[PDB]
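One structure is given here, and the rest of the page talks about it.
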Amino acid sequence: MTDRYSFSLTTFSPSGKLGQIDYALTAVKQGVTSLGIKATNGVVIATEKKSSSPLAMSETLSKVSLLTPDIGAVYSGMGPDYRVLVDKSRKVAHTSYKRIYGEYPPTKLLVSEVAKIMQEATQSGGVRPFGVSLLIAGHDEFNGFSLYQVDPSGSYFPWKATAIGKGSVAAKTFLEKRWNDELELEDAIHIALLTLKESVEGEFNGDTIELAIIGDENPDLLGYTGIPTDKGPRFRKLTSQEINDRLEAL
Amino acid sequence: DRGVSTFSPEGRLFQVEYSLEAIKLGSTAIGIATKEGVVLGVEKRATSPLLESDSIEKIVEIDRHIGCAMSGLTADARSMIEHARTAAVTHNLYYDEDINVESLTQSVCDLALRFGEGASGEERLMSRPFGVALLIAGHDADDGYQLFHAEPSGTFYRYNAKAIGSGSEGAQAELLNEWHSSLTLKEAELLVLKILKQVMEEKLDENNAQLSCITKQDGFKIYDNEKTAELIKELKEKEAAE
Amino acid sequence: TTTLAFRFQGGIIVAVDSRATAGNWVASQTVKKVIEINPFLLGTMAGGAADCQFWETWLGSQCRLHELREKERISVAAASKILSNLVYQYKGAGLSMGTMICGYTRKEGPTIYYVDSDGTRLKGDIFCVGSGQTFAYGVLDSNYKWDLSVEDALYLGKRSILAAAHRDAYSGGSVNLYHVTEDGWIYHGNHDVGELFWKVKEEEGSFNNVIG
Amino acid sequence: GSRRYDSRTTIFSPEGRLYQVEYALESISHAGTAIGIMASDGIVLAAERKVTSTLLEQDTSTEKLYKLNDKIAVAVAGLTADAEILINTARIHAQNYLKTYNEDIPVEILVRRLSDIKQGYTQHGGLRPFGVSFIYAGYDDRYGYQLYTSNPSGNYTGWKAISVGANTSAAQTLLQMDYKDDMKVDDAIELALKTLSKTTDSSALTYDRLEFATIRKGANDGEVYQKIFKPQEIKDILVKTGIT
Amino acid sequence: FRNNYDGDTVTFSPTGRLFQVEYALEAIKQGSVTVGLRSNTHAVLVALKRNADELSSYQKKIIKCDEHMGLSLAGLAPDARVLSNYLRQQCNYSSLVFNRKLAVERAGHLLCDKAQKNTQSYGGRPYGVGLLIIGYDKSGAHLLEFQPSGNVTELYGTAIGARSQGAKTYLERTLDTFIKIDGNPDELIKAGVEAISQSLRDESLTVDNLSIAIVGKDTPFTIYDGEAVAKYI
Amino acid sequence: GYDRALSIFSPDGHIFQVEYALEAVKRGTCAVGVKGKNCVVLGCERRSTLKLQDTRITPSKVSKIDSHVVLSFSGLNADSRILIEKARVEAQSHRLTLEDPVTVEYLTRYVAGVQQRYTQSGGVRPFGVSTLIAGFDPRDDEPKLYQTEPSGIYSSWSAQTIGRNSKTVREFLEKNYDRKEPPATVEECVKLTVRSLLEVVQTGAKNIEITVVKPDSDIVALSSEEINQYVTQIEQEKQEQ
Amino acid sequence: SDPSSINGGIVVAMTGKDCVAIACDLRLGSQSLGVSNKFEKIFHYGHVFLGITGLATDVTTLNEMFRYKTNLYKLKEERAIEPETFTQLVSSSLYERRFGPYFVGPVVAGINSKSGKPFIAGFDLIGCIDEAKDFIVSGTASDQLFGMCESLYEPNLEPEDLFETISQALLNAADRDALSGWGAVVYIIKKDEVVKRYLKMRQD
Amino acid sequence: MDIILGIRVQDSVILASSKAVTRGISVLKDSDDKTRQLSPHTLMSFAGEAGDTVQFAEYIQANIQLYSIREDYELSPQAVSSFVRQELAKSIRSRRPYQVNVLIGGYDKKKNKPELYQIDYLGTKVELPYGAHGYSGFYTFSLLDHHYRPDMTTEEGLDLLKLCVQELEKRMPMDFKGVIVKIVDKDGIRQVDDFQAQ
Ligand SMILES: *C(=O)[C@]1([C@@H](O)[C@@H]2C=CCCC2)NC(=O)[C@H](CCF)[C@]1(C)O
């Protein structure tokens, strides 16, 4: 027994490529399209809920995950890899930040933590890189709203708007045409729905699409009252109904 | 690839056999055991005239009653010598007596097969076998003068005379005819000097060859160049004598 | 116990008593309190018999190992620091030792290091260790001269131990003498204190307060 | 066993070269170029951002210039994620030194340590090396302004001007051509931009594709100041130097 | 074929074989011959010591493990040392903890188990030596044959090493005879030397070439070499 | 965790990884050392693949291990640092426990042991470095010069060279160095060292650095001029014929 | 025996109108022996101030630790740490040594650079936070300080007035403590500027 | 305890340390030098527990000499004192703490000023014009508080120390067998072989 794979599984090829990272990126390309758009007063991330069977209950599978009360994530590529990455991200936000400073980490730093975890699977012994690309959207007092992309290599970059997966090329092109630095959150949501429609083959409704935003504080989602400084989470997943309402104004 | 402790189809350990090949490429070393002591001689074999020949140490003291000569990847012998010296001194601390030559040899040979990448038997943390063979010579009250050949195989044989290194097969054949149970220390000295001269590429002199011995009375001693130069001169004369 | 060592023109004099006691019980009158580390190095033992005997013998093994490794005689400074550093690793565990490491090397000349279980290591000219030390110091301090002859130095050391053997209940039995030269130490006998006392009293005229 | 799948990242080629280091360097040669130029009154760090989009958020971006200390900074060429790992440990070594001696860490001490970390991945552990090359720009009171460089092998050297990443051969020749010992920070700033401008594999050299930094000793103060130019600041210096 | 499945002991061949183990067994065959046989009162070990040169010694092939047990080896000497040392410790443990002499059958089980571990785990190698164990315990005389595969068998007599088949057929023939040589060691040994000479070819067993060991009823395992074996040549 | 045997024997009895470690040494800049009657000189060459370096801060080729001993090398630079650091640490340890600085042979034997160890330890490759260690034993005036290589082998030389084209410069030294009358002067010793380097450096005043070591911790490195002067006086020895 | 009574010293922090003040004595003794009259117990990381009383070796160590941590914080966060955040950092750093604590009594003072709100806090040796609105005391003369503060203090004092108050609280408390005194320094802190004044007091 | 005094004058730092080494009932040595040179311009004096004292001093000496060789530079006195304080601050919370108190006297060749640092075994460090460890301060500080001047010459400093030692020899119960005095300045460290009657 005993993991005896203490050597890297990702290494440099004569051309300077890191094969396993490239292949991981290839897996991401086959993944369902997901995207994110930053507005002046919010950020939206969305993706398609590609139900693998009509007997499956799509709700019991959230591709859009809350990491902190002001940060959420979405992805493209291997769902299982994403699921564990979310468990680890939620935990590091605590162990490496909240337990130290008594406040949640700012979007860029948590992204940095996630990225590190991914970088390590690119060099540590006996592992393969994560086959996913994430899009993290969040908000923190001193940085405002932000949107980041994290790739299998562990590299990350901030975006005004972007898409990953299957039809990223097309979707990115469509976003560049509609994006401006004056979009309000509702505008971004609308643009998100339009961009996502081009990537969806079949049914396009609030049961096949998953969408969340980082916007104003939801004091109604807090669960308690009595502390003025605690106003509620900025992260909010939209309901199937809320989505359909906006699809009629499509 | 292939494990470092893999068996060949003929029942031999590859790394050990390949080890023996490196030892064949080493400088010649010869030992002769007599009832008057044991002689140990080696071929310095310097690689350049600028190399100070006396900084070549292929004959070393283990303890006052034990000396040893090496052949092969000599850098590999340092930890072996170290282990040997520690073993001899440790024995004396625990038993207030000298360690027997055979026990000292058996202890050095115990390190031999301690190599591999995780062999289920203990913790053999050594990536490859030693690439050097040794001639351990000494004296002890129970078995008198003794000469041992310790190989990277962990096995050690006792000999009346033995040669190791590049000219071993030839030198050994010579020792076969020259050795007899009544040789005197002086005869053994000249005899070792003569065989080294035959197998050495260079013309043997007191600078590219070195002699030593161990006697019950004075223990292990390395002959200084002057002492050897004379013995060399004496050898040339007896040879030119017929 | 009374042990002493001093440096002089002829090298080093080492003198010790040979009594062992546990409380008021005289366990022995013939114990060795000098360890012959090797032909050139001597060590004195005060405090715990086992501790000194064990570690000073072990020291000898370290010295030998050094000489095989460096093909050169170990210095007294280095030999004494091996013991010192070893003992220091055990600080607080309860080792009990007061010792003198004595040697004569070409490089250093006559050298004496005091080494104890507290981790103290002192180079010096004169040292006395043991319950009888103060007695030996009085005799040594008032008769010591660097220009003493090997003969007189030997006597001074023997006399100093005698002084202590007489007054100190824990010292006595016999006196063991050593002379340390650059070529090694020379044993100078075992002198029963019983006989030695009377002889010295008569010949010297000292110990007048004792009826003989 | 596992041996079967071991790439053996730390062995010599028959020519005495380290495969992985060589391949990592190959990887680095495709990274956006970074330049370092040391003047009498300061140091200039300039780098070209590899790949960009209209939607990329440049104001919040940083992929080549990192602050290690208040007196030391580095320009990166290679895998950003690998770089951050090293940058973080470097930032920690600096503070360990500060806490121990109550003095900011001399530039070379920090560079040597980081290079030693790199060298390790080269001789033991069976892991791939970091695909990163650094240009260190710093200041200390023993050697004043200093410029260093370290690559995957763990080797480092000091320079008056140097570059890492893509087209270093070309970039180096241009620098060796116009560099002068008595240069001034402003001269160096201009030389850096011109050099990148000629080696770029892109159409034009715009501000949105650059990162710029300077370590100067602001006369009106007496202390050292690091300046990591902002998008608009780069855009300005770009028009001034005659590149618009 | 074979070449692809014999790189280590953790690999079965398509027919269910373990080549590394088999190759180890080959080291035994290459080893000098040694014979073991017993009556109801004694057990004897006769081994042919092989020499390197005519200037070399004839390597010892018998190791005492306790006052009532010992063995003979054929193959890698070092491995025999490791295995006998382990046996010495097990005999010792039995005495110190239970004040009980280790049963020869128990020793055989222990050796089998120790060898087995070196045939199912990566990184290790099988032992490359064969062993013949003789002893006298609470159930009389015993003779055991140990193989690196981990297979240990109790026999009335046997032989391992080069040309061992000679002595083996002889003993399988002489069976009814020697098994009754009770109360007479010299006879049992002579029968042992007669079985071993049945594997000669090269030379003839000399004084510094023959090695004999015996154990039994009132005889603690003792080894005879040289002059002491002269009266059997 | 990683303990793969990277340095093992091949059928012909060679350890290729140690062999290839030497190839790395042949590739490194040349280094030479010659002992006079009262000093030892160490000269190294300076590459020129790239020139625009800051000589002030760029690591020099000769390193002090203690105040009376220096070390130069040919091979992987990154690798040398590891050995230099270990040697320096060992030098202080030896002073702390023996109350005496290391002899040159002791320090050499130490570095060599570290190198040997990296040839038969799992998970590590041998050092791609060969060294020249020179100095004077404490309270001794006899010059010392030793050489070590990847395998861990070491020995003392009257003069020696390592690195690229060391074959060439060694020949020069073999037919230009007389053990009967070693360079009786710091000056004529430094000259012989520069002469030997010029056989391969091909005019390189700034491509040649010398360091002189004298008894009692007297160590000093020459400046471009001081050396350039030696070069000049030597080119004339030629032309004047 | 008592680690918090070996070296001596006090620290006091107060809030005022759009300002905060933190002061300390300068003594460092060895029981009854005065050793230094220049041992300041107030430090600052960016605009956040930290006063630490107790065992001097720990006061020095803690300062070096927080300088180290706030330096890394700034390099990653790209902004200077705030009073509220730093207080949490102090608290968790102290609790991390719950069963082998630093023998100190930290006090934090500063103005939040974004809300302009004045902030002060005290801690016990294991991190328990006391976030007072008025004042915080610490040291070998903390009883005396409580007495001085509970009487002399009043809300919304202007910087120049708070200076007189904080100083009189410090000074008179120190003169009733054998282990405090030998000088004193007061810090007046505002959003834009910070003034440091050394006071004149008895030297016995 | 032993006598450990330090005085920082205009251009140098002087350290006076008692010569006696007493063990129980007997004074074993009267020429003990309780000091170690850490670097050409940095001297450290020490007192405390029997074995810890020298072991610690030499350990620090070894580390600073190693730093000097590696960097071919001499750490400033402030840097060295910080290194020492941290070593002692780790030691106090270790299994068996070093019970050693020290004075570090060094000449900062960059600032061109002498510096005196007092650090106890807990890792308590302070920079002073003059200092001491143990009871020494109790008898001498009133004298130093009185006669000390920042512009004193090395000669005036020696005279002030002499006065301190005389007070120590009059009022202290133990015979510390005089002191060894050492001066540290821009030219290094030297010993005043003549203080037995200066
Ligand atoms: C002297 O030190 C004592 C001796 O018994 C031992 C015995 C052998 C050699 C070392 C010294 N040690 C004692 O503990 C004992 C009583 C002390 F009070 C002794 C006789 O003085």
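Following the order of the structure tokens, chains are lettered A, B, ..., residues in each are numbered from 1, and ligands are numbered from 1.
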
Contacts to ligand 1 at 8 Å cut-off (only C-alpha atoms and all ligand atoms) as an MDAnalysis selection string | chainID C and resid 1:2 18:23 26:27 31:34 44:50 52:53 97:98 129:132 170:171

Counting only C-alpha atoms, chain A residues within 12 Å of chain E, as number ranges by chain | A: 1-2, 4

Write the selection just made, keeping N, CA, C and O atoms, as an mmCIF file, in the first residue's frame?
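As a result, result_5.cif now contains:
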data_model
loop_
_atom_site.group_PDB
_atom_site.id
_atom_site.type_symbol
_atom_site.label_atom_id
_atom_site.label_comp_id
_atom_site.auth_asym_id
_atom_site.auth_seq_id
_atom_site.Cartn_x
_atom_site.Cartn_y
_atom_site.Cartn_z
ATOM 1 N N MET A 1 0.871 -1.212 0.000
ATOM 2 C CA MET A 1 0.000 0.000 0.000
ATOM 3 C C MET A 1 0.890 1.239 0.000
ATOM 4 O O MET A 1 1.970 1.243 -0.604
ATOM 5 N N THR A 2 0.431 2.279 0.690
ATOM 6 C CA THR A 2 1.148 3.543 0.798
ATOM 7 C C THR A 2 1.352 4.173 -0.573
ATOM 8 O O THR A 2 1.998 3.592 -1.447
ATOM 9 N N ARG A 4 2.886 5.467 -3.320
ATOM 10 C CA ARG A 4 4.302 5.513 -3.657
ATOM 11 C C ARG A 4 4.542 6.407 -4.873
ATOM 12 O O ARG A 4 5.628 6.417 -5.452
#

Close residues, residue 128 of chain A itself excluded, 7 Å, only C-alpha atoms, min 3 positions apart in chain, as a PDB file with N, CA and C atoms, in the first residue's frame:
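What landed in selection-v7.pdb:
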ATOM      1  N   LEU A   9       3.214  14.015 -11.922  1.00  0.00           N
ATOM      2  CA  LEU A   9       2.544  13.325 -13.015  1.00  0.00           C
ATOM      3  C   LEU A   9       2.393  14.313 -14.185  1.00  0.00           C
ATOM      4  N   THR A  10       2.673  15.583 -13.903  1.00  0.00           N
ATOM      5  CA  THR A  10       2.652  16.651 -14.895  1.00  0.00           C
ATOM      6  C   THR A  10       4.115  17.092 -15.009  1.00  0.00           C
ATOM      7  N   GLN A  20      -0.484  17.542 -19.180  1.00  0.00           N
ATOM      8  CA  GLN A  20      -1.635  17.351 -18.316  1.00  0.00           C
ATOM      9  C   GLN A  20      -2.488  18.594 -18.140  1.00  0.00           C
ATOM     10  N   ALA A 121      -1.978  20.703  -7.688  1.00  0.00           N
ATOM     11  CA  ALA A 121      -2.348  19.455  -8.365  1.00  0.00           C
ATOM     12  C   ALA A 121      -1.637  19.371  -9.716  1.00  0.00           C
ATOM     13  N   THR A 122      -0.848  20.396  -9.996  1.00  0.00           N
ATOM     14  CA  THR A 122      -0.091  20.508 -11.236  1.00  0.00           C
ATOM     15  C   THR A 122       1.373  20.128 -10.992  1.00  0.00           C
TER      16      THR A 122
END

Write out as a compact mmCIF listing (two decimals) with C-alpha atoms, in the first residue's frame every residue belonging to chain B that has an atom at most 9 Å from any atom of chain F, counting only C-alpha atoms.
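Wrote iface_6.txt, looks like this:
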# COMPACT_ATOMS: atom_id res chain seq x y z
CA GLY B 3 14.10 -2.79 -9.81
CA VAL B 4 17.60 -2.39 -8.39
CA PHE B 14 21.97 -7.58 -11.68
CA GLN B 15 23.23 -4.62 -9.68
CA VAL B 16 25.70 -6.85 -7.86
CA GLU B 17 27.06 -8.43 -11.04
CA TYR B 18 27.34 -5.01 -12.73
CA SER B 19 29.04 -3.85 -9.55
CA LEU B 20 31.69 -6.53 -10.01
CA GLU B 21 32.39 -5.12 -13.49
CA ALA B 22 33.30 -1.71 -12.11
CA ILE B 23 35.66 -3.44 -9.70
CA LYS B 24 37.48 -5.14 -12.58
CA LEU B 25 38.28 -1.68 -13.93
CA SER B 48 48.51 12.79 -14.31
CA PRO B 49 52.11 13.68 -13.41
CA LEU B 50 50.83 16.78 -11.56
CA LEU B 51 48.88 14.58 -9.13
CA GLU B 52 50.83 14.17 -5.89
CA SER B 53 51.07 10.38 -5.65
CA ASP B 54 51.18 10.20 -1.84
CA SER B 55 47.70 11.71 -1.55
CA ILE B 56 46.46 8.40 -3.03
CA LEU B 73 35.14 3.00 -7.03
CA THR B 74 37.31 3.97 -4.06
CA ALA B 75 35.10 6.88 -2.99
CA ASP B 76 32.52 4.19 -2.10
CA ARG B 78 34.99 5.62 2.87
CA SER B 79 31.73 4.80 4.67
CA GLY B 116 17.10 -0.98 -2.85
CA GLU B 117 14.04 1.28 -3.20
CA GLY B 118 12.06 -0.33 -0.38
CA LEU B 125 18.38 3.00 2.54
CA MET B 126 21.12 2.82 -0.11
CA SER B 127 20.29 3.22 -3.80
CA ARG B 128 22.94 0.87 -5.18
CA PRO B 129 25.55 -1.69 -4.07
CA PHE B 130 29.09 -0.57 -3.27
CA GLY B 131 31.28 -0.43 -6.36

Interface list for chain E, partner chain B, 10 Å threshold, only C-alpha atoms, as a ChimeraX atom specification | /E:2-3,6-9,19-30,51-60,75-79,81-82,114-115,117-126,128

Written selection (C-alpha atoms) as a CSV table (one decimal), in the first residue's frame:
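Contents of part-v3.csv, as written:
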chain,number,residue,atom,x,y,z
E,2,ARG,CA,8.5,-14.1,-19.5
E,3,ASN,CA,10.5,-10.9,-20.0
E,6,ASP,CA,9.7,-11.0,-14.5
E,7,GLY,CA,10.7,-7.5,-13.6
E,8,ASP,CA,9.6,-7.8,-10.0
E,9,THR,CA,7.9,-10.2,-7.5
E,19,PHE,CA,9.5,-15.6,-12.2
E,20,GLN,CA,11.5,-13.5,-9.7
E,21,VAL,CA,10.7,-16.3,-7.2
E,22,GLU,CA,11.7,-18.9,-9.8
E,23,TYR,CA,14.9,-17.1,-10.6
E,24,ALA,CA,15.7,-17.0,-6.9
E,25,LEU,CA,15.2,-20.8,-6.8
E,26,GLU,CA,17.8,-20.9,-9.6
E,27,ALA,CA,20.4,-19.5,-7.2
E,28,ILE,CA,19.9,-22.5,-5.0
E,29,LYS,CA,20.5,-25.0,-7.8
E,30,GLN,CA,23.8,-23.1,-8.6
E,51,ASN,CA,36.1,-22.9,-2.5
E,52,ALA,CA,36.9,-20.0,-4.8
E,53,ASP,CA,40.6,-20.5,-5.5
E,54,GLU,CA,43.0,-23.1,-4.2
E,55,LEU,CA,44.3,-20.2,-2.1
E,56,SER,CA,40.8,-19.6,-0.7
E,57,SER,CA,38.8,-21.2,2.2
E,58,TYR,CA,35.8,-23.5,1.7
E,59,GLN,CA,32.9,-21.3,2.7
E,60,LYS,CA,30.9,-22.5,5.8
E,75,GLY,CA,22.7,-20.2,-2.5
E,76,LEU,CA,23.2,-16.6,-1.4
E,77,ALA,CA,25.2,-16.8,1.8
E,78,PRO,CA,24.1,-13.4,3.1
E,79,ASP,CA,20.4,-14.4,2.9
E,81,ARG,CA,22.8,-15.3,7.6
E,82,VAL,CA,19.7,-13.1,7.7
E,114,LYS,CA,9.1,-14.5,6.7
E,115,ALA,CA,10.0,-15.5,3.1
E,117,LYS,CA,6.4,-11.4,2.7
E,118,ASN,CA,9.3,-11.0,0.2
E,119,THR,CA,7.1,-12.3,-2.7
E,120,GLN,CA,4.0,-10.2,-2.5
E,121,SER,CA,5.3,-6.7,-1.9
E,122,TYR,CA,6.9,-4.2,-4.3
E,123,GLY,CA,10.5,-3.2,-3.7
E,124,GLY,CA,11.7,-6.4,-2.0
E,125,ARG,CA,13.2,-9.5,-3.5
E,126,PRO,CA,12.8,-13.1,-2.7
E,128,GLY,CA,18.0,-16.5,-2.9

With distances taken over only C-alpha atoms, the candidate from H:127, H:166, H:174, H:108 nearest residue 196 of chain H is H:166

What residues in segment 3-243 of chain D get the DSSP label strand (DSSP E)? Please answer as a PyMOL selection string.
-> chain D and resi 34-39+42-48+65-67+72-78+132-140+144-150+156-158+161-164+210-216+225-228

Write out as a PyMOL selection string all residues of chain H that backbone DSSP assigns to alpha helix (DSSP H).
-> chain H and resi 52-71+77-91+136-147+154-171

Counting only C-alpha atoms, which residues of chain H come no farther than 7 Å from chain G, as a PyMOL selection string?
-> chain H and resi 89+122-124

With only C-alpha atoms as the basis for distance, which of G:64, G:96, G:2, G:177 is at the shortest distance from chain D?
-> G:64

How close does each residue of chain F get to chain H, giving the shortest atom pair and distance in Å to one decimal for every residue with an atom at most 9 Å away, counting only C-alpha atoms, sorted by chain and residue number, as a Markdown table?
| residue | atom | partner | partner_atom | distance |
| --- | --- | --- | --- | --- |
| F:63 | CA | H:70 | CA | 9.0 |
| F:64 | CA | H:69 | CA | 6.9 |
| F:65 | CA | H:69 | CA | 6.9 |
| F:66 | CA | H:69 | CA | 6.4 |
| F:67 | CA | H:69 | CA | 7.7 |
| F:84 | CA | H:70 | CA | 9.0 |
| F:85 | CA | H:70 | CA | 7.6 |
| F:88 | CA | H:66 | CA | 6.8 |
| F:89 | CA | H:66 | CA | 6.7 |
| F:91 | CA | H:66 | CA | 8.5 |
| F:92 | CA | H:62 | CA | 5.9 |
| F:93 | CA | H:62 | CA | 7.4 |
| F:95 | CA | H:62 | CA | 8.1 |
| F:96 | CA | H:62 | CA | 6.7 |

May I have the residues of chain C within 12 Å of chain H, counting only C-alpha atoms, written as a PyMOL selection string?
-> chain C and resi 81+84-93+98+113-138

9 Å contact set for segment 72-79 of chain C, only C-alpha atoms, chain neighbours under 6 positions out, as a PyMOL selection string = (chain C and resi 41+59-60+62-64+66+101-105+107-108+111-113+123) or (chain F and resi 97-100)

Spatial neighbours of residue 149 of chain F, 12 Å, only C-alpha atoms, chain gap at least 4 places, as JSON, numbers by chain = {"B": [75], "F": [18, 19, 20, 21, 22, 23, 24, 25, 26, 73, 74, 75, 80, 83, 108, 109, 111, 112, 113, 114, 115, 116, 118, 119, 126, 127, 128, 129, 130, 131, 132, 133, 153, 154, 155, 161, 162, 163]}

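The two atoms in question, atom CA of residue 199 of chain C and atom CA of residue 36 of chain C, are spaced 28.8 Å apart.
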